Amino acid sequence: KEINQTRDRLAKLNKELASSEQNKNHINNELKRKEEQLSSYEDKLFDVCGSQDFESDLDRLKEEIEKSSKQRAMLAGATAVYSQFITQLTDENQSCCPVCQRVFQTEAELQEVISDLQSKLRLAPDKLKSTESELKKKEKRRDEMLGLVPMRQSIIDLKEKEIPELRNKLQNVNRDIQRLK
């Protein structure tokens, strides 16, 4: 049985080496996925935050969103008001002022007042679009931030527990492989 005993160990050792070799790839691939997963979170977190203080970035982002919308109000308000004035002074049979209700004594006046308002609104609709794009962009950024708040933990769990734990598994399996060869 002596030769047969050694036949037995040799087979047993091969079954050990094969299953370790399996794990090594298995683990290696899990490590690869967890690292990519982390890498992605750090990229999104990076694209989304312009600083190290989250509560502050969010606070400063909120202030910007407030400025833009106040701007939006101005543009939107003036646009509507003047637009109405202009349509009163033209399409309606008013030869008078829309604010002080005073008749325009000469036709020259009427045109210049129309003329003044026409120019005051001259870039207004255009600026209102730009402001709306920036406002939309900011809010979207705000939305993503609020969604990354609750996996602060998860991103940290990968970096400090799971991934180093896996490298440790890969180390132990690598020790087992070298023990056999």
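Heads up: residue numbers just count along the shown sequence, starting at 1.
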Which of 63 to 71 and 23 to 31 has higher mean CA B factor, as the PDB entry lists it: 23 to 31
Selected stretch [higher average CA B-factor]: 77 to 85 or 99 to 107: 99 to 107
Top residue by Cα temperature factor, when 36, 132, 53, 143 are compared in the entry: 53
Residue 47 by Cα B-factor - lowest, middle or highest third of the modelled chain: middle
Ranked C-alpha temperature factor of residue 57 among modelled chain residues, by third: middle
